[PDB]
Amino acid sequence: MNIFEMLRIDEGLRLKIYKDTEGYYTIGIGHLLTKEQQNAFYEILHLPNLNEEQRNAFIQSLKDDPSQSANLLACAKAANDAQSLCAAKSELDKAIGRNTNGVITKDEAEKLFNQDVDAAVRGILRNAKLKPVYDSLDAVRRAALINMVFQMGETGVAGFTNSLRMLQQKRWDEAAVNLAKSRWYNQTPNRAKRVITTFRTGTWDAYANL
């Protein structure tokens, strides 16, 4: 047990590229890659990832039959997305060092993950709200803080003013009681419970079994 097994259980590990419900392409453990007929003509012509010609064929197809505004605007969006995915794969391929076709192995996911951890800690140590509590914690409690950062971002975590302070004061059972009252806990109870147990105990016990 170690931090990568922790976030693999909590966050999940995808060996194939996935598109978020909010539109981001991701892979591994939360590794992010890339960020009537009148409106038909308009939006087709404003899709950010089409070619000149790819767009020509759609625009001129609409001219040929304006009735099919529904289908041509459907085609145009398929294409725009097909490209974004292409860009993400490309972004992935530079990261892995081969032509993955949007597929990686676990060790490659772990390699991505380990630098992602490096990014988060850098951020954390630059954040005046998170630094003093993070320096104060031991390695496994730090894993719990990083864990939270992965799920909601530096800023969200940094907004747990009080529980953070209790953590910094080594008041672990106070801290655990306070995290449970949170909106985080209410949105993802099973995960928050494991994280909070990690904060409270300084151990990996919440992940034993499972």
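When you see a residue number, it is the position in the sequence shown, counting from 1.
The entry shows a gap from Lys35 to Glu36, with 10 or more unmodelled residues of the deposited sequence in between. Higher mean CA temperature factor, per the PDB entry, when comparing 129-137 with 70-78: 70-78.
Looking at mean Cα B-factors across 187-195 and 20-28, the upper value is held by 20-28. In this structure the maximum Cα B-factor among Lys181, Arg142, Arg165, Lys63 is found at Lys63.
Sort the modelled residues of the chain by CA B factor and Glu174 lands in the middle third.
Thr155: CA B factor lies in the middle third for its chain, per the PDB record. Ranked against the other modelled residues of its chain, the C-alpha B-factor of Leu210 as given in the entry falls in the middle third.
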